[PDB]
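Let me begin by presenting the structure, written as structure tokens, before commenting on it.
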There are 6 protein chains.
Amino acid sequence: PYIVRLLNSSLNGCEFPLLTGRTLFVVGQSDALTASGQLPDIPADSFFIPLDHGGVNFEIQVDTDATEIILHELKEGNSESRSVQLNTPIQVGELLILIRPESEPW
Amino acid sequence: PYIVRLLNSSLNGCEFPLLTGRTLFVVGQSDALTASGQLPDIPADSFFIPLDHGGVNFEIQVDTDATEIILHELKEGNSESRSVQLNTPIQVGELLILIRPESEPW
Amino acid sequence: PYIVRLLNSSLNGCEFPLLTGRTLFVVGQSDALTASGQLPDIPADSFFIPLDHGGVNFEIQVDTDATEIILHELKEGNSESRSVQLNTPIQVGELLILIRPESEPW
Amino acid sequence: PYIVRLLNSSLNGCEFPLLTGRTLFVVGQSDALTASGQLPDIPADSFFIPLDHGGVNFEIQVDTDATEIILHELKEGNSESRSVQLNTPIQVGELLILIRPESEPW
Amino acid sequence: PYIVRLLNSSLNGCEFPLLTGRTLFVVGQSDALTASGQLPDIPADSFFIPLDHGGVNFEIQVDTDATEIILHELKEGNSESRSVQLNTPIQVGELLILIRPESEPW
Amino acid sequence: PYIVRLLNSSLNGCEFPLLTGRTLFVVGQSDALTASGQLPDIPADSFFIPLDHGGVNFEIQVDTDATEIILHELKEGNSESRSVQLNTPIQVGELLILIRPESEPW
Ligand SMILES: [Ca+2]
């Protein structure tokens, strides 16, 4: 399985496990956080990341096979889907992340 | 069953599952959120969505069959009903949502 | 069992179940909400409803028989009681509510 | 047993059970509330209330017999005690309370 | 066993049970409270007390025998200890507390 | 088993267990705290420590053997690693910490 690590933001170093399928990252200010509590405590498929400026929500999708990883950047009324590589910094809005095999520490 | 997906707001991407019968969405600023905690932690039939402008509460009704979905936009002392289709954006106040089957991600 | 539905306020559409005996609704601004957390998480007999203007605290009494429903507005150092009809809008200060049987959606 | 009812404030109508022995009421602004969560969820013996001005904490002691009720107002490094009666408004700081038998609503 | 009673602060009159061994009191503003939730819900060996100014964290140590009581005031990278007597106001920073036997009400 | 004790900050005195493997400490202001709630309630591998100035996120890795302890400071786009000792004050940015065997109180 794969892990998303933050390489910047006040949560730099935080590591989030990804489930097979879709994981949502909500990225933004106060208004989003306190409301994100709306989602149940089910095995976490959405996470909130605080960022004061330039935050863009995104999903990561890990195919059932774990052979392709797709990042869906969620813009106004549309999304931009990109193929992404492991163990490399990936910029999403003003956030910088890395996706690593669980067994390969960064 | 069906899932309500936000297509704008700070929570763009967030997905809320619908139960048979009735689910309420409270859409608005700070005053509503902190108070929405008043409702018990029972299987979630009301959700809060932050929106800084143009938020209008609405409830979705799904029949026992799960073949018809009606949205009721809640105005002052009254409501306005509309039939909805799956997989199509729906504008309620300034919020844009889409209703999808669980099995067809969007 | 009866349900109180809000017909206005930022919480328009919210529905609160009524227990036999007494249910209190505290209606007002920010100061009341954050402090209403003082009351335990026991089966809910008190609710907070935000209203920027004209909010009047009230309690509702359901007799053991469920044949009469009494509403008390909690004014300064006094209260004003009245019988209320089911399935009809009821104004309390500037809040508008409706009490319905759990079996009759509005 | 007995019930403490608030007869004024934004929280007019709130009812709290008095326990056998000693019950403490913490009265004041935001700073006290969020911190009152420090106390465990044991059968409630301290309770918080909000009051914008003149909030004085107080404790009520009830004898084994339930015939005497002593209220202690908690001032700086000292307390001022008085015997109180049932079903009679009692002023404590800016707050007006009333202590009633459970079986006798106000 | 022994109880810590607050003799000032917004929580004046609050009484915290002490366990044999070391109990931590974190005393300060908002930043500490919300983060104190980090500590597990194990039998409470930690308490948060709100104080807007002059708050100092401290530990109370009750030897296994319950014959000596030591307060450790926490400073930068070090602590300063003193023996404390029962039933007398103890100043820690701007907080005022009193340690009593459970059987001797203050 | 090893324990991290804070020797400064508003949480001076708080202690955090270290798990075998990796533990992250997020050290900063308000924005990080409220959002750190994003991480699940799984056996705690990240913790948040408030510090108004000079906070540096850092992670500690305890080898499977429990014979070496390595602390990594998480700077901008990079990390800095060093061996650290038990039972001695360790400066990490402006935080002061100490790591002890659980069996040896401090
Ligand atoms: Ca007596």
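Residue names in the structure tokens use chain letters A, B, ... in the order shown, residue numbers from 1 in each chain, and ligand numbers from 1 in the order shown.
For residue B:83, the list of residues within 10 Å, based on only C-alpha atoms and with local chain neighbours fewer than 5 positions off taken out, reads residues 60, 61, 68, 69, 70, 71 and 72 of chain B.
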Name the residues, by chain letter and number, that sit within 9 Å of ligand 1 using only C-alpha atoms and all ligand atoms, and give them as a list in words. residues 62, 63, 64, 65, 66, 67 and 68 of chain D
Go ahead and save the picked residues with C-alpha atoms, as an mmCIF file, in the first residue's frame.
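Generated file (again19.cif):
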data_model
loop_
_atom_site.group_PDB
_atom_site.id
_atom_site.type_symbol
_atom_site.label_atom_id
_atom_site.label_comp_id
_atom_site.auth_asym_id
_atom_site.auth_seq_id
_atom_site.Cartn_x
_atom_site.Cartn_y
_atom_site.Cartn_z
ATOM 1 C CA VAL D 62 -28.039 19.495 50.354
ATOM 2 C CA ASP D 63 -28.202 17.495 53.536
ATOM 3 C CA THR D 64 -28.998 13.795 53.656
ATOM 4 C CA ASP D 65 -32.552 14.632 54.632
ATOM 5 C CA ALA D 66 -33.031 17.142 51.786
ATOM 6 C CA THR D 67 -34.460 19.687 54.303
ATOM 7 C CA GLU D 68 -31.627 22.219 54.152
#
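For the pair atom CA of residue D:4 and atom CA of residue D:87, the separation is 9.9 Å.
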Compile the residues of chain A that lie within 6 Å of chain F, evaluated using only C-alpha atoms, and express the compilation as number ranges by chain. A: 10, 47-48, 50
Atomic separation - atom CA of residue B:97 relative to atom CA of residue B:51, Å: 12.8 Å
Among the residues of stretch 14-82 of chain F, find those DSSP assigns to strand (DSSP E) from the backbone and print them as a PyMOL selection string. chain F and resi 15-18+21-28+46-50+58-62+69-75+78-82
Selected residues written out, N, CA and C atoms, as a compact mmCIF listing (two decimals), in the first residue's frame:
# COMPACT_ATOMS: atom_id res chain seq x y z
N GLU F 15 3.73 14.42 28.67
CA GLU F 15 4.56 13.34 28.24
C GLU F 15 3.84 12.56 27.11
N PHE F 16 4.60 12.11 26.15
CA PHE F 16 4.06 11.45 24.95
C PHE F 16 4.80 10.13 24.71
N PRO F 17 4.04 9.03 24.55
CA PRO F 17 4.72 7.77 24.39
C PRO F 17 5.40 7.73 23.05
N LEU F 18 6.57 7.14 22.97
CA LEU F 18 7.09 6.80 21.64
C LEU F 18 6.80 5.38 21.22
N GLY F 21 9.48 2.44 15.87
CA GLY F 21 9.34 3.02 14.56
C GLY F 21 9.34 4.53 14.66
N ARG F 22 8.37 5.18 14.02
CA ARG F 22 8.42 6.64 13.76
C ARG F 22 7.33 7.36 14.52
N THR F 23 7.71 8.44 15.21
CA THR F 23 6.77 9.34 15.86
C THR F 23 7.05 10.75 15.35
N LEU F 24 5.98 11.44 14.94
CA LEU F 24 6.04 12.83 14.46
C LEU F 24 5.46 13.80 15.43
N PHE F 25 6.18 14.91 15.61
CA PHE F 25 5.74 16.01 16.44
C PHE F 25 5.62 17.20 15.50
N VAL F 26 4.39 17.73 15.40
CA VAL F 26 4.08 18.92 14.66
C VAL F 26 4.08 20.04 15.65
N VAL F 27 4.91 21.03 15.39
CA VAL F 27 5.17 22.07 16.38
C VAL F 27 4.92 23.39 15.74
N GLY F 28 3.89 24.11 16.20
CA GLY F 28 3.52 25.42 15.62
C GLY F 28 2.31 26.10 16.24
N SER F 46 1.35 10.64 15.42
CA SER F 46 1.69 12.09 15.38
C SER F 46 1.11 12.82 16.51
N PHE F 47 1.80 13.87 16.97
CA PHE F 47 1.29 14.70 18.04
C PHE F 47 1.53 16.12 17.71
N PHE F 48 0.66 16.98 18.22
CA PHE F 48 0.78 18.39 17.96
C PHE F 48 1.19 19.12 19.26
N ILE F 49 2.21 19.96 19.17
CA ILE F 49 2.69 20.78 20.31
C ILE F 49 2.62 22.26 19.90
N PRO F 50 1.84 23.04 20.62
CA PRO F 50 1.75 24.43 20.28
C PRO F 50 2.99 25.18 20.74
N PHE F 58 9.49 17.68 13.81
CA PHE F 58 10.54 16.75 13.90
C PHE F 58 10.00 15.36 14.11
N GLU F 59 10.73 14.35 13.68
CA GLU F 59 10.28 12.99 13.91
C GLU F 59 11.37 12.25 14.61
N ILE F 60 10.99 11.27 15.42
CA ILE F 60 11.93 10.42 16.14
C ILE F 60 11.76 9.01 15.72
N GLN F 61 12.86 8.30 15.51
CA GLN F 61 12.82 6.92 15.08
C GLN F 61 13.58 6.12 16.09
N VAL F 62 12.92 5.12 16.66
CA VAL F 62 13.52 4.23 17.64
C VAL F 62 13.69 2.91 16.95
N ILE F 69 18.56 6.05 19.11
CA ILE F 69 17.47 7.00 18.87
C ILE F 69 17.92 8.13 17.97
N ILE F 70 17.17 8.33 16.88
CA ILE F 70 17.55 9.27 15.86
C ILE F 70 16.45 10.30 15.74
N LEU F 71 16.82 11.56 15.72
CA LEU F 71 15.82 12.58 15.65
C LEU F 71 16.08 13.27 14.32
N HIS F 72 15.01 13.47 13.54
CA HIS F 72 15.07 14.19 12.27
C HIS F 72 14.32 15.48 12.31
N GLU F 73 15.01 16.60 12.15
CA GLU F 73 14.32 17.90 12.11
C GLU F 73 13.83 18.19 10.68
N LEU F 74 12.57 18.56 10.51
CA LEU F 74 11.98 18.66 9.19
C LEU F 74 11.91 20.11 8.74
N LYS F 75 12.95 20.50 8.02
CA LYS F 75 13.09 21.85 7.54
C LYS F 75 12.46 21.94 6.15
N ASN F 78 13.79 19.54 3.15
CA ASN F 78 14.95 18.76 3.57
C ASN F 78 14.78 18.34 5.04
N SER F 79 15.65 17.46 5.52
CA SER F 79 15.66 17.08 6.91
C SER F 79 17.10 16.95 7.42
N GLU F 80 17.26 17.11 8.72
CA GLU F 80 18.56 17.06 9.35
C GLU F 80 18.50 16.03 10.47
N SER F 81 19.43 15.08 10.45
CA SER F 81 19.40 13.93 11.34
C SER F 81 20.50 13.91 12.42
N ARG F 82 20.17 13.39 13.60
CA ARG F 82 21.17 13.25 14.66
C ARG F 82 20.75 12.28 15.70
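The residues of stretch 24-81 of chain E that DSSP classifies as alpha helix (DSSP H), using the backbone of this structure, are residues 30, 31, 32, 33, 34, 35 and 36 of chain E.
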